[PDB]
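Only one chain is shown below, in structure tokens, and it's the form solved without the RNA.
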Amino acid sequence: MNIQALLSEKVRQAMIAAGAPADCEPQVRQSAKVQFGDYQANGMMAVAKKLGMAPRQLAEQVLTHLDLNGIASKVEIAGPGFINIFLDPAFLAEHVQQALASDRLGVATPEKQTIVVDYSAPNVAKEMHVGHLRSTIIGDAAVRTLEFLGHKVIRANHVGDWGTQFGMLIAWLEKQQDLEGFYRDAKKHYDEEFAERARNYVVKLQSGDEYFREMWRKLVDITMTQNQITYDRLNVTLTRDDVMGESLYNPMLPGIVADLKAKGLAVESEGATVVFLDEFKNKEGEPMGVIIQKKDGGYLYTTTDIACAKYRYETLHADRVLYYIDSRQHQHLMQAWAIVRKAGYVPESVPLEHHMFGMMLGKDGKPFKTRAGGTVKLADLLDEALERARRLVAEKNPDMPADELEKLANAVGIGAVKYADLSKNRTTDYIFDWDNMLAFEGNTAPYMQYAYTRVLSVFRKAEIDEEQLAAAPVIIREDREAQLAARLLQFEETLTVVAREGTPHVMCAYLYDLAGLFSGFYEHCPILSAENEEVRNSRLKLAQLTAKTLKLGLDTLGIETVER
């Protein structure tokens, strides 16, 4: 089910038998080149230098404690201590059929966990922007993957629905009785007497006053109604039942600042309440004063990220929390989490992980503006995708838009938006590019969609006998068959990487190499016929699992499929 995992524990045990410590790293990775096998163990030389050994020498001794019959057709040593592993065709055929039996493609369902995923997290009365856009795509993908792996995934849309800014906004709403336009006019008129009533409305909302709280509800509702619509178009799994905004934590904030002083916390600096963290000393060596409650009395983004962590453990019972937030907030998160753990609000088991991403830029590095400038309106981005997508899919037209073409342009358009983001490593600044992403040539949503259709057409347009095809025997004899078969089987371990590291681009690179391997399997390897039905069925069974694997793999990234 997980070849790398299986091999990795066997190599570690051999090593251990050779004198290696218990915590040794076999370093079994997928082979870079087919002449090196399916997998190789890379970590011999490190241990060899500490065992007083030649890399080859250890590796050789290792290869004596290593029981790989039935698993690897052959296992040779190479270069300075590498162990190279060619998987046995039997083993491949057995696990390919076996995987063709589960609707899960044999992918294990590990010890279930409650995972909280903090993603998207826009702000009320401000326009949703590309950072939230990225957060939404990457986070949703992680949600889908973890959901497929079996876990109770709790979506936590951490909306910025609290802050001094509302006093101004709510006042402007009152006088009124374009999200961008609303804030600006309130801003100008607050500055342009507005200001007193608006600070005084910030106090009034802080305290009960249902008149105000309804107004705050009405504002939150306008922003979240619009965003949900964006979420819908993006076929993202976020729903309004998943909104867990900063507001949610207000009631517990004085309970926390209170607890923290009981250890733990200083009224030092200019009044206010600061935790001082020696981990974050100034260059002069002055500890970082992280304010959790101002002299003004109001609380802060830090306070609310503390509560939110404490809450997710104490109340949600998360085993793990994933935060898909822009890289620039990294030390904010590390400061808040530093305080959370010092106060013992969540234990060390239970990760709390910052899955950072980088900025979204335009064609050459400027901060990325939508069509016709403005302040980046995502509905515009999504409109422009579809217009391009529609005109793009116009060629080779015949079937009605209705559900035929229109669903097709939508899959391709929205697919491109997501997949162009997901296919790139999240830590990298992402240079948007219409033409690269809507292409069919490289690692794109449309290329993948195209390939999926090609696989399905190869399969369906032939014959059918589900119950009989399932008794077909899959025999690996060609070298491309063994390669395809092995790639297919690495689907779980790709999933596992994505789920551990939070990097959906690993799957994209998998599904692209996979579709590359099918095309080469299609051309240089004939589909019907040779050994009549014998070999025909095997190849069909491999096109079958490839179809099922692309489908599934793309449904974890949130990317739809057509059949045309």
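For the two forms, the rigid core is made up of the largest set of C-alpha atoms that agree within 1.5 Å on superposition. Residue positions are given as counts along the sequence shown, with the first one as 1.
What follows is about the form deposited with the RNA bound, which we do not show.
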- Query: At the 4.5 Å heavy atom threshold, is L63 in contact with the RNA in the deposited bound form?
  - Reply: no
- Query: Is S423 close enough to touch the RNA in the deposited bound form, meaning at least one heavy atom pair within 4.5 Å?
  - Reply: yes
- Message: Would you classify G79 as touching the RNA in the deposited bound form, given a 4.5 Å non-hydrogen atom cut-off?
- Response: yes
- Could you confirm whether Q35 comes within 4.5 Å of the RNA in the deposited bound form, counting heavy atoms only? yes
- Message: I have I3, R320 and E467 flagged as a candidate spot, so tell me whether each of them has a non-hydrogen atom within 4.5 Å of the RNA in the deposited bound form.
- Response: no
- Pick the stretch from 457-465, 324-332, 238-246, 307-315 whose residues have a heavy atom within 4.5 Å of the RNA in the deposited bound form. 324-332
- Item | Partner-contacting position among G373, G208, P347, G442 - heavy atom within 4.5 Å of the RNA in the deposited bound form | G442
- Task: Could you spot which one of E270, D232, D178, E214 gets a heavy atom to within 4.5 Å of the RNA in the deposited bound form?
- Result: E270
- In sequence order, the residues of 32-69 that place a heavy atom within 4.5 Å of the RNA in the deposited bound form are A32, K33, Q35, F36, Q40, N42, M45, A46, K49
- Query: If you fit the two forms on their rigid core, which residue out of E147, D319, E314, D429 shows a CA shift of at least 2 Å between the shown form and the other one?
  - Reply: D429
- Is there a C-alpha shift of 2 Å or more at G79 between the shown form and the other one once the rigid core is superposed? no
- Please check if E523 moves between the shown form and the other one, taking a CA shift of 2 Å or more relative to the superposed core as movement. no
- Item | After fitting the core, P287 CA displacement of 2 Å or more between the shown form and the other one | yes
- Item | Pair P398/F440, Cα separation in the deposited bound form versus the displayed form, closer or farther by 3 angstroms or more | closer
- Any idea whether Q329 and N282 get closer or farther by CA distance in the deposited bound form, knowing it moves 3 angstroms or more? farther
